[PDB]
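Okay, here we've got a single chain as C-alpha cells, the form deposited in one PDB entry, with questions on binding and movement later.
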C-alpha cells in the first residue's frame, strides 16, 4: 500500500496549488458524469442489494445500502451545491507588523492526505470525495465490505472524471479489498497519512498512530427545569425523538426536575403514547408513569451509557440543576445537551458549567448538523477537544502556517 500512499502524497502536492475556479469546474464535471452513467451505477447497486438480501440482511439495512436513481440525482444535486460554497484555502486569518520591522501573517493551507473509514453508506463516498476535492485534500476511502462493488464503480467514475479534467488520478483512492490486515496497515501509516476520520472507534484508539478525529457515540441529555411551559417542552421533546431516531444526535436521556415532575410526567406520558416510544424509566419515574397510557418499563444501569438508536427513552428524576450537571458529567459522551427552562440564572449556569460539544437553551438537540449550522456540508461530528469540535465544515479540513516578510531583519 506504500505505492498508493506515495501517489496520494504526490496528488496532494499537485492539488494544493490549484485554483478555486478549477476545483469548481472539476466538481461540476464529476456531477455531470455521475448523472450520465447512472445506469452502470444502478446495475451494480441492484446486484449488491440482491446479494445482501441473499445474505439475510434486514429490510432497513437493505434500504440503507440501496440506491435509487432519485438518490443518485440527489447526489448530483448536493455535489453541485458544494460547488457553490466559498473556498477557505488561502484566506488570511490574522497578522500585523512586529516591533522589529517584520510583517507576520497566518494563511490557511490544505491539511494534506485524509483517510476516512466508513461502512454501508453509499452517499458518503461522493460526499467526502467532493468535500475533500473542494479543500484540495487527497482522500483515501475505506469502502465497506457490503457495498464494495458500488464504491469501486463510483471511485472509478470519479477517477475517470479527474483524468478528463487533467487532474492527477491519485487524488481520490479507495481500497476495495475487505482484508482486516489492510485496515491495520492503513491505521499504521503515520508518515504518509496526516489525518484520519473514523465514522470501530476502539480499534483505531488502540492501533492508530496518525492523529485521529473521532466521531464517537452520542448520548444526548435534555434537562427539564421546574419552571417551563408543558406544551412547548413536549413539542421540543417529540421533535428531538420522533424525527429520525437513527441519527446519532437524537436525545436518549431525559432529566426531569423533581419539583415539576409530578405535573410533567402525566402529560408527558399522554403525548408519549401517541408518539409511541418505549419509556425505560427510573424507579420514581416508574411509580409516577405506571398509570400512564404509554408503555413503560424499568431501566438498567448500563442503559444510561448506551444509545438505543430506536424508539426508546430514559426517564430519570434529579433533585436540582447540580444533580443534573453531575449526571451529565459522569455519563455524558459530550455530544449535545439542551435545557428547557424559563429562568435566566439557571440557563447561564447550565451554559457555563457544561462542557459538551453543543449546548442549547430552549431548543431541540437535532440541530447538531452541518447543514443546520450553516457550514454547507459536514464529514462527521467530532466529540474530542482537539482541532475541530462539533460539526466539521470546510475550515475544519485546513491548517494554518505563519509567513513572515522582512528586509534582512535579524533578531536582537
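Numbering follows the first chain given and starts at 1. Rigid core (definition): largest C-alpha set, two forms, superposition within 1.5 Å.
Below, we turn to the form deposited in another entry, even though it does not appear here.
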Identity of the moved residue from 112, 144, 332, 292, C-alpha shift 2 angstroms or more, core fit between this form and the one not shown = 144
Using a superposition on the rigid core, decide whether the Cα position of residue 43 changes by 2 angstroms or more between this form and the one not shown.
-> yes
Core-aligned, does residue 153 move its Cα 2 Å or more between this form and the one not shown?
-> yes
Hey, does residue 182 budge by 2 Å or more at the Cα between this form and the one not shown once the core is superposed?
-> yes
